[PDB]
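Asks: First the structure, which I've put down as structure tokens, then a few questions once you've had a look.
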Amino acid sequence: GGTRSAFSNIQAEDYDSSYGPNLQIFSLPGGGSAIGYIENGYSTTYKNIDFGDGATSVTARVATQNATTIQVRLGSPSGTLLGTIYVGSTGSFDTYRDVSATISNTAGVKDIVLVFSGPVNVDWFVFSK
Ligand SMILES: O[C@@H]1[C@@H](O)[C@H](O[C@@H]2CO[C@@H](O[C@@H]3CO[C@@H](O)[C@H](O)[C@H]3O)[C@H](O)[C@H]2O)OC[C@H]1O
Ligand SMILES: [Ca+2]
């Protein structure tokens, strides 16, 4: 063990490494934190996520004023592209909605990377079989 499950919420602020000089962790009104001040080409890595025996869907709780994408990659921002979440505008960086995307079947313990194409605030993400 010593391993977050893919099937419970992974807090987006709980990255192990990241690229993006302007990236902030900040607190949410209802409790907890989220990541934000994201720009194109920023990424975060979440070490040792246990995808167990298969996940084929990702859900992210996100907020943004303009449609944007989050790529879900293996290992590094240059790794295998498992899928892309096409994030709709929610009207506000404070209005959060759960958004889902399919991914290639992913199993076992993996390092997961989210790669951003523009501004978005992210509370958590989770996978489903
Ligand atoms: O309540 C706070 C949120 O509103 C805050 O959202 C940030 C708002 O600023 C965003 O940056 C703008 C994106 O578009 C660019 O063209 C502008 O130059 C930027 O300033 C940023 O992406 C959001 O995260 O987040 C923190 C909350 O406390
Ligand atoms: Ca969070």
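Add 19 to a position in the sequence shown, counting from 1, and you land on the number used in the authors' numbering. We put the beta carbon where it would ideally sit given N, CA and C, even for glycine.
Drop a sphere of 10 angstroms on the beta-carbon of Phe135, count the other beta-carbons inside from all chains shown, and report buried for 16 or more, exposed for fewer.
Replies: As a working note, residue 135 is residue 116 in the sequence shown. By the neighbour-count rule (16 or more Cβ atoms within 10 Å), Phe135 is buried.
Asks: Between which two residues does the beta strand (DSSP E) harbouring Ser36 extend?
Replies: Counted from its first residue, the sequence shown places residue 36 at position 17. Here the beta strand (DSSP E) through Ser36 covers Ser36 to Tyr38.
Asks: Using DSSP's beta-bridge definition, name the partner residues of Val77.
Replies: Residue numbering aside, residue 77 sits at position 58 when the sequence shown is read from its first letter. Answer is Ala120 and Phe146, bridged to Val77.
Asks: Thinking just about the alpha-carbon of each residue, which of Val141, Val145 and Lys148 is nearest to the one in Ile57?
Replies: Indexing the sequence shown from 1 puts residue 57 at position 38. Out of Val141, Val145 and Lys148, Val141 has the C-alpha closest to the C-alpha of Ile57.
Asks: Assuming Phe45 is part of the beta strand (DSSP E), what are its boundary residues?
Replies: What you label residue 45 is simply residue 26 of the sequence shown in a count that begins at 1. It spans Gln43 to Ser46 - the beta strand (DSSP E) in which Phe45 sits, taken as one unbroken run.
Asks: Leaving out five residues before and five after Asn85 in sequence, what residues of the same chain have Cβ atoms less than 8 Å from its Cβ?
Replies: Along the sequence shown, one-based indexing puts residue 85 at 66. Within the same chain, Cβ atoms closer than 8 Å to the Cβ of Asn85 are found at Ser108, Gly137 and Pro138, the five residues on either side in sequence being excluded.
Asks: Hey, how far is the Cα of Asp117 from the Cα of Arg80?
Replies: What you label residue 117 is simply residue 98 of the sequence shown in a count that begins at 1. What you label residue 80 is simply residue 61 of the sequence shown in a count that begins at 1. Their Cα atoms are separated by approximately 4 Å.
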